[PDB]
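Single-letter residue listing:
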Amino acid sequence: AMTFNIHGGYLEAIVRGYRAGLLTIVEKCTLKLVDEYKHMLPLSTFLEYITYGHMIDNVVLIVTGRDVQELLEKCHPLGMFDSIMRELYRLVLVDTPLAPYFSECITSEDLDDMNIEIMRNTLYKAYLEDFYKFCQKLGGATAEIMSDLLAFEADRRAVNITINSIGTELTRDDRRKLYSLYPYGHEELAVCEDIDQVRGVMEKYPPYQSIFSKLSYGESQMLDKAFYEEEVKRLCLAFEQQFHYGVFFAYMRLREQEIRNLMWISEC
Amino acid sequence: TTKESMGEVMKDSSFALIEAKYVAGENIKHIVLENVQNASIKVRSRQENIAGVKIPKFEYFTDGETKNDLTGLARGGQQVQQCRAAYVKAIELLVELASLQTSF
Amino acid sequence: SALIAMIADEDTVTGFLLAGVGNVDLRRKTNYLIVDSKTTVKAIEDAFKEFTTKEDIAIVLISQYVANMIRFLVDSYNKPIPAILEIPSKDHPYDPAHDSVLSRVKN
């Protein structure tokens, strides 16, 4: 308990103040948040993992090429850092947590990362590796939030697979082999081929019960949006942010959600 | 009459695009161009005859034959239901324009 | 036959261009980047020469003819089948104003 006052107290106070102050306009807000995060530079590993979260997607996008030069336009330092096509993939395998594992898991390069569906599969595998790495750094209450996020991503991928991607070889086995209680009981979603079946599978977790509801919204989207939208709706739990705990990831997630809401506002 | 379809379906496609952007941020674009699940665009032509004029008939992907789909984006279902749904209206408008030009 | 705009608002065109195949009018050997606003439609007219005039692309579209060179593109009346233009809405209102085909339609 005394370690917080021993070190990291000032950074924690600054992060708490910045989060409390938070609430091309979307691009400007994202740039301001990224600058605030960068200026803040134990917690170093947490910041590295938080950045690597979006850096996995940034590297996946940069893996194209095929109009690859356009990736510089979205070079947001929050996720699109320069430090984080097999020949170039081997070079990019450094300075990232999920990259060494993806080097072997996605050794087929574009063959296993086709832009239609297999690129999404490689992105999901990288996200699973990053989630495993983040969960490895256990010791705080953020483990529950990380597990919830990974479960939401896995369940959304499984729902998308059962909806229409089953014809894209995303079968029941692929619901966990390629599509990133879920780390132990994800087998219940392998047969949830229907919206009613999805609700029944969600009934296995009473907290996840009634989250799907009519499933008209949230679950209607493919990729990782089905159960991820449930996490977005329940993010009010993340809004608690009890003191003397790692809240940098929570602040980053809140800033990202605010940026997304501002983008969704657009022209009213 | 069908000119208003080019506004209605365009508005629906714009709404679907905004929803997809709110869902997954920036689309993949580039290699696959993202933004859709349907519309493997390939056009087939036919020749009808009205009053001795060889009025052409047009069919294409998502508006006839030669259509294919694979996976899609997060809102790819919504994108197909709005952005790729404008394909039928566009094909009808093109057929009407060609018929009008030939008749003129 | 093929059909693509490649002179458009990017994602708006891509939403009906290439997801299951055909590479949006065979981008491997034809077509162009669907993002407009990089320059005038003079390059879009050249692409029409390289895509629509190449006996492959049948239907084309220019968003509201904002910079589509309405007078220049109005000449596409000759050989209308390979040059079936269009004026899509969204991010630019679809109007009967001067354009490629609607200008003649206004007569």
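Along each chain, residues carry numbers from 1 upward in sequence order, and these need not match the entry's numbering; residues missing coordinates do not appear. Chain letters start at A and ligand numbers start at 1, both assigned in the order the entries are written. As shown, the structure covers only some chains of a larger assembly, and all values describe those chains. In computing side-chain values, all of the structure's heavy atoms are included and hydrogens and water are not. Residues with missing side-chain atoms are left out of burial classes, side-chain pairs and their counts.

Caption draft 1: Broad picture of the interface of chain B and chain C. Contacts between the two partners involve 23 residues from chain B and, on the opposite side, 16 residues from chain C. Helix numbers and strand numbers start at the N terminus; a helix is a DSSP run of H or I with at least 4 residues, a strand a run of E with at least 2. Secondary-structure elements contributing two or more residues to the side of chain B that touches chain C are helix 1 (5-24) and helix 3 (86-103) of chain B. A total of four residues in the side of chain B that touches chain C trace back to one element, the largest contributor, which is helix 1 of chain B. When residues are grouped by polarity, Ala, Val, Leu, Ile, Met, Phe, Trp, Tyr, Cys and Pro land in nonpolar, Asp, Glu, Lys and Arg in charged, and all others, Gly among them, in polar. Per-class residue counts for the side of chain B that touches chain C are eleven nonpolar, eight polar and four charged. In this analysis, two residues are considered to be in contact whenever any of their non-hydrogen atoms come within 4.5 Å of each other.

Caption draft 2: Up close: the arrangement of the chains. Summarising the chain contacts, two pairs of chains touch, and the pair with the most contacts is chains B and C. There is a clear gap between chain A and chain C: no contact, and 7 Å between their nearest C-alpha atoms.

Caption draft 3: Unusual backbone geometry, seen in detail. The backbone phi angle of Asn 35 of chain B is positive, close to 70 degrees, even though this residue is not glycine. In this structure, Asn 35 of chain B sits in the loop between helix 1 and strand 1 (43-50). One non-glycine residue, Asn 31 of chain C, adopts positive backbone phi at about 65 degrees. Relative to the assigned elements, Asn 31 of chain C resides in the loop between helix 2 (23-26) and helix 3 (42-50).

Caption draft 4: Up close: the interface of chain B and chain A. Chain B puts nine residues into the contact, and the matching count from chain A is nine residues. Across the side of chain B that touches chain A, the residue classes tally to six nonpolar, two polar and one charged.

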